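*Asks:* Here it is, the structure, as structure tokens.
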Ligand SMILES: CC(C)CCC[C@@H](C)CCC[C@@H](C)CCC[C@@H](C)CCOC[C@@H](CO)OCC[C@H](C)CCC[C@H](C)CCC[C@H](C)CCCC(C)C
Ligand SMILES: CC(C)CCC[C@@H](C)CCC[C@@H](C)CCC[C@@H](C)CCOC[C@@H](CO)OCC[C@H](C)CCC[C@H](C)CCC[C@H](C)CCCC(C)C
Ligand SMILES: CC(C)CCC[C@@H](C)CCC[C@@H](C)CCC[C@@H](C)CCOC[C@@H](CO)OCC[C@H](C)CCC[C@H](C)CCC[C@H](C)CCCC(C)C
Ligand SMILES: *C/C=C(C)/C=C/C=C(C)/C=C/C1=C(C)CCCC1(C)C
Ligand SMILES: *C/C=C(C)/C=C/C=C(C)/C=C/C1=C(C)CCCC1(C)C
Ligand SMILES: *C/C=C(C)/C=C/C=C(C)/C=C/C1=C(C)CCCC1(C)C
Ligand SMILES: CCCCCCCCCCCCCCC
Ligand SMILES: CCCCCCCCCCCCCCC
Ligand SMILES: CCCCCCCCCCCCCCC
Ligand SMILES: CCCCCCCCCCCCCCC
Ligand SMILES: CCCCCCCCCCCCCCC
Ligand SMILES: CCCCCCCCCCCCCCC
Ligand SMILES: CCCCCCCCCCCCCC
Ligand SMILES: CCCCCCCCCCCCCC
Ligand SMILES: CCCCCCCCCCCCC
Ligand SMILES: CCCCCCCCCCCCC
Ligand SMILES: CCCCCCCCCCCCC
Ligand SMILES: CCCCCCCCCCC
Ligand SMILES: CCCCCCCCCCC
Ligand SMILES: CCCCCCCCCCC
Ligand SMILES: CCCCCCCCCC
Ligand SMILES: CCCCCCCCCC
Ligand SMILES: CCCCCCCCCC
Ligand SMILES: CCCCCCCCC
Ligand SMILES: CCCCCCCCC
Ligand SMILES: CCCCCCCCC
Ligand SMILES: CCCCCCCC
Ligand SMILES: CCCCCCCC
Ligand SMILES: CCCCCCCC
Ligand SMILES: CCCCCCCC
Ligand SMILES: CCCCCCCC
Ligand SMILES: CCCCCCCC
Ligand SMILES: CCCCCCCC
């Protein structure tokens, strides 16, 4: 484990995702509202999945070597197995908050799968220049997601209860800022141009992951928007 | 790329799926009917997924070598990753058109997963004679799907609006004819008996894919069956 | 095939899953109740999936070698591909029986995916002591599932029709007893401590699989709880 300088950030990430999972699990014990139960189930699964994948990276299972640039490059593939399941769950939290229609939910989840799937292909591609073709396709899929979150959901939240509109607006802004950083870290990190070393890259993804999952969840599960209007 | 004679058909397929995706995306911009939005989302995702997998084959990522018959045989595995997601989406288009019940939808999607999954196992199997055992199981799963589309959905469409009944009947006939060709191309192509060479096999799958996805989508999204009855 | 002593139990399992699939398929022909159709579709898919994965193990495709303990250990990875899809389908049978809320269904299916996913990682892990870390995480996920089936569903079934309450109680008890045996067989078998040899381990999993899928299905599909109350 300790033979890799980035191990400290993988261990911290593992701990923070595990602690986040347990807090949400305990906090959700005393909840019977069927609407609130939906948000607790979605939001608790997110850091639980991330916990297992951070642990796999810490123990060395989620790491492979990819030859490109005449070098064997360490690629943590477990990140994409994490994101494949956690990013659509996070979008479902937002879509259920605004009572989005089914067709829009399917478009979001499908574009998200394309985003993560093409990012994985780009991470494992051995022809250096082709890695950035996949990065560009994946980034186009992300821009579609961000467009929908702004010019489809925002207008839908305003016609909703005030507390669900204000909570959505906050979580929307958090998501757009944090998610946009991921393609940048990829491009300048060891998967892309190799400007930033792997140990610093790992620290950046850990800050982003914890903020986008545990920070996101703390804002959502403390809001009254997750409960139905009741007397 | 150009070192493979089949590259021209992979490049054409990539272009036609990309163009198809963009047309459906633009055409769906001016749509607010929640029913129509469902069909546009399903139908636009189909060629978008196929685009990415054709590109992976063009660039050489979606290709592996499988030893059988005393030879290293080029097997494009990316086809099955495509079909795993696009064939159930196409069946969902048909099932939603006739307002099929949930139990029937699950049976269709499950049989479809078995069809594609066993076809993938057959494509990667190293014992030559066993490849055709998997082909037979996969073909049995397809025949179940075709039976349901005829002796379960057809009777359901007649009790529906006339425009949804006539549109379903057309898309049903297109699907049964085109899908039935796939097991035949597999059997006589490089995955099976090896009668037809890979470059011709690739041309045939490209014609079938574009017809079953973009041609299918053009018929559906030009129909009024996708809109609810409104004044 | 016959070069492996466990082949006899893989062949028996294949036959019993295939026969089970055909019986459920025939029995479900004469069913039009939309509620009953749901249970028949879920319950017939379970042994059909298991059939294909037992066949892959029989023919040698679903087997790999994992080095640990200074030895190349035969690991049947196809079991986890089976369980990944069949265990959530079995939980869906139970959840639909008691009309569970959506949030609870998602929590069950998500915990089940974590259970199977971490068990697969543990089966393929090359550092011997780490294999049991994954076993423990997977077992914690199972205990969560069992808790929900007892202290969330049981109370919900009592407020239901008497026949659905008594049928659920029976299937609940069958599930908790049979599922609990799996982590024990893993721990003492070739994936874990290696006390029980592989051929005996394979026999035990076959008895458990057939009971948990075909036996489970025979109890459910003979009950009147799967039909709506009708005159
Ligand atoms: C509606 C939305 C959900 C739609 C989703 C969008 C999606 C279509 C976007 C594209 C996804 C696609 C790129 C997934 C590729 C997975 C692949 C990286 C797995 C590893 O295989 C890659 C190479 C080794 O580098 O295999 C070496 C050769 C091996 C012999 C490969 C044989 C196994 C194949 C991988 C079998 C295909 C399985 C499916 C891809 C499983 C789904 C994986 C997940 C990442 C989507
Ligand atoms: C309700 C419906 C959706 C049900 C679906 C029906 C489905 C059950 C039908 C059978 C599907 C099954 C054959 C999928 C097999 C995937 C497999 C080809 C992936 C590549 O692995 C094959 C060998 C190399 O040749 O791995 C070499 C050895 C490696 C060490 C393998 C270890 C990884 C395992 C593959 C882990 C299992 C992952 C799941 C199979 C992922 C789903 C893939 C998709 C193709 C279903
Ligand atoms: C809501 C719920 C459904 C959530 C589900 C819970 C889930 C997150 C729990 C953890 C699942 C995770 C451990 C799955 C790992 C699959 C992995 C074993 C496949 C084989 O790859 C392992 C190594 C060889 O030993 O690959 C060698 C290196 C290769 C180069 C690997 C590159 C391919 C990657 C495997 C791509 C990721 C694909 C996804 C993991 C596909 C889903 C598989 C299924 C088992 C979940
Ligand atoms: C909890 C994890 C989250 C919210 C991860 C989000 C990840 C992304 C938005 C990743 C995007 C990428 C691109 C847009 C292209 C480059 C490759 C990716 C996958 C890093
Ligand atoms: C857009 C792609 C489509 C509609 C693909 C359809 C593919 C099939 C219907 C494939 C069927 C197969 C068999 C029936 C057995 C032989 C292997 C397959 C997977 C080619
Ligand atoms: C039809 C198959 C069924 C119902 C299989 C159930 C399997 C389990 C409940 C497996 C559980 C495991 C653990 C709890 C940890 C050890 C590894 C597993 C996956 C065997
Ligand atoms: C979206 C965030 C990207 C900003 C990356 C900042 C990295 C600064 C760290 C110093 C770079 C290390 C280079 C010298 C080793
Ligand atoms: C009462 C609110 C705080 C509860 C404690 C939460 C502990 C989980 C770890 C959170 C750290 C990361 C927060 C986002 C920066
Ligand atoms: C379902 C369509 C299958 C028909 C295949 C027709 C192939 C004819 C092309 C000529 C065969 C090439 C053999 C000589 C190289
Ligand atoms: C107005 C209808 C035609 C629009 C142009 C569609 C261009 C997408 C490519 C379609 C070619 C394949 C059609 C099926 C044979
Ligand atoms: C949950 C069931 C686990 C019980 C396992 C009993 C196995 C007894 C078979 C004899 C053990 C073989 C050891 C000598 C070869
Ligand atoms: C009339 C009920 C029996 C029908 C025959 C079922 C045959 C399928 C194989 C069942 C054997 C396994 C039963 C569970 C132990
Ligand atoms: C194995 C991959 C299957 C999933 C394909 C994605 C489409 C799923 C459609 C689900 C239809 C709704 C069923 C109720
Ligand atoms: C990782 C594979 C999980 C999918 C298994 C297929 C069954 C899914 C059941 C979904 C139940 C409906 C939830 C609302
Ligand atoms: C185009 C939709 C408007 C909202 C999206 C904001 C774009 C942020 C740019 C992200 C940069 C990634 C490289
Ligand atoms: C048996 C259901 C009737 C409709 C299915 C038509 C069968 C077409 C044969 C396809 C040939 C594939 C080898
Ligand atoms: C803790 C929830 C109560 C019901 C679960 C029964 C636990 C059975 C123990 C299984 C042993 C697996 C190692
Ligand atoms: C080795 C660098 C080659 C540059 C390729 C950049 C491709 C980016 C595509 C974005 C449209
Ligand atoms: C090398 C050819 C061996 C023939 C096997 C055919 C199997 C087909 C099974 C269809 C029932
Ligand atoms: C080689 C045996 C090492 C023992 C590790 C046991 C780990 C079990 C963790 C359960 C909390
Ligand atoms: C609940 C605390 C979980 C912390 C265990 C993971 C941290 C790795 C320490 C080496
Ligand atoms: C929108 C046009 C997309 C065409 C790019 C793919 C074709 C491959 C050319 C080499
Ligand atoms: C319907 C009977 C299915 C039996 C075939 C599988 C058994 C393997 C025999 C070698
Ligand atoms: C993106 C930063 C999240 C901050 C988490 C703190 C929330 C406390 C209510
Ligand atoms: C299967 C052939 C499809 C033909 C596509 C043309 C549709 C234009 C309306
Ligand atoms: C767990 C044992 C199941 C027994 C199956 C027999 C059911 C006949 C109704
Ligand atoms: C009005 C809410 C502002 C939230 C933005 C937070 C950016 C990290
Ligand atoms: C909408 C604000 C985008 C912020 C992008 C930050 C990328 C590091
Ligand atoms: C009555 C519609 C006929 C459609 C069949 C088209 C076959 C390619
Ligand atoms: C229902 C007509 C089937 C046509 C099969 C064509 C196979 C090449
Ligand atoms: C295995 C075939 C079953 C025969 C019919 C059983 C009575 C519905
Ligand atoms: C009251 C029903 C008892 C069922 C338990 C069966 C254990 C195999
Ligand atoms: C609730 C009874 C548990 C039985 C466990 C059996 C494990 C072999």
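Following Swiss-Prot, chain A residues are numbered 17-247, in order.
If you're wondering, the header gives X-ray crystallography, 2.1 Å.
Cβ from N, Cα, C; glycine included.
Feature list, courtesy of Swiss-Prot:
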type: TRANSMEM; residues: A:23-42; note: transmembrane segment
type: TOPO_DOM; residues: A:43-56; note: topological domain 'Cytoplasmic'
type: TRANSMEM; residues: A:57-75; note: transmembrane segment
type: TOPO_DOM; residues: A:76-92; note: topological domain 'Extracellular'
type: TRANSMEM; residues: A:93-109; note: transmembrane segment
type: SITE; residues: A:98; note: site 'Primary proton acceptor'
type: TOPO_DOM; residues: A:110-120; note: topological domain 'Cytoplasmic'
type: TRANSMEM; residues: A:121-140; note: transmembrane segment
type: TOPO_DOM; residues: A:141-147; note: topological domain 'Extracellular'
type: TRANSMEM; residues: A:148-167; note: transmembrane segment
type: TOPO_DOM; residues: A:168-185; note: topological domain 'Cytoplasmic'
type: TRANSMEM; residues: A:186-204; note: transmembrane segment
type: TOPO_DOM; residues: A:205-216; note: topological domain 'Extracellular'
type: TRANSMEM; residues: A:217-236; note: transmembrane segment
type: MOD_RES; residues: A:229; note: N6-(retinylidene)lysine
*Asks:* Write down the Cα-Cα distance for residue A:229 (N6-(retinylidene)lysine) and residue A:98 (site 'Primary proton acceptor'), rounded and given in Å.
*Replies:* 12
*Asks:* For the residue listed as 'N6-(retinylidene)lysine', what residues in its own chain, 6 or more apart in sequence, show a Cβ-Cβ distance under 8 Å?
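*Replies:* The residue listed as 'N6-(retinylidene)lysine' has long-range Cβ partners A:33, A:36, A:62, A:63, A:66, A:102, A:106.
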*Asks:* Cβ under 8 Å, sequence separation of at least 6 from the ends of the topological domain 'Cytoplasmic' (A:110-120): give me the contacting residues as numbers and ranges.
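*Replies:* Distant contacts of the topological domain 'Cytoplasmic' (A:110-120): 54-55, 58, 164-165, 168-169, 172-173, 176, 180, 183-184, 187-188, 191, 236, 241-242.
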*Asks:* Restricting to the same chain and to residues at least six past its boundaries, which positions have a Cβ under 8 Å from a Cβ of the topological domain 'Extracellular' (A:205-216)?
*Replies:* 21-22, 25, 85, 89-91, 138-139, 147-148, 151
*Asks:* Count the Cβ atoms, other than its own, that fall within 10 Å of the Cβ of residue A:98 (site 'Primary proton acceptor'), considering every protein chain shown.
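*Replies:* 24, counting other Cβ atoms within 10 Å of residue A:98 (site 'Primary proton acceptor').
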*Asks:* What are the DSSP helix, strand and coil residue counts for the topological domain 'Cytoplasmic' (A:110-120)?
*Replies:* 7 helix, 0 strand, 4 coil
*Asks:* Give me the DSSP three-state residue breakdown of the topological domain 'Cytoplasmic' (A:168-185), ordered helix, strand, coil.
*Replies:* 13 helix, 0 strand, 5 coil
*Asks:* Hey, which bits of the same chain come close to the topological domain 'Extracellular' (A:141-147), Cβ under 8 Å, at least six residues off its ends?
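*Replies:* Beyond its ends, the topological domain 'Extracellular' (A:141-147) has Cβ neighbours at 82-85, 207-208.
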*Asks:* Same chain, outside the topological domain 'Cytoplasmic' (A:168-185) by at least 6, Cβ under 8 Å from its Cβ: which residues?
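*Replies:* For the topological domain 'Cytoplasmic' (A:168-185), the sequence-distant neighbours (Cβ-Cβ under 8 Å, at least 6 residues beyond its ends) are 110-111, 113-116, 120, 235-236, 239-241, 245.
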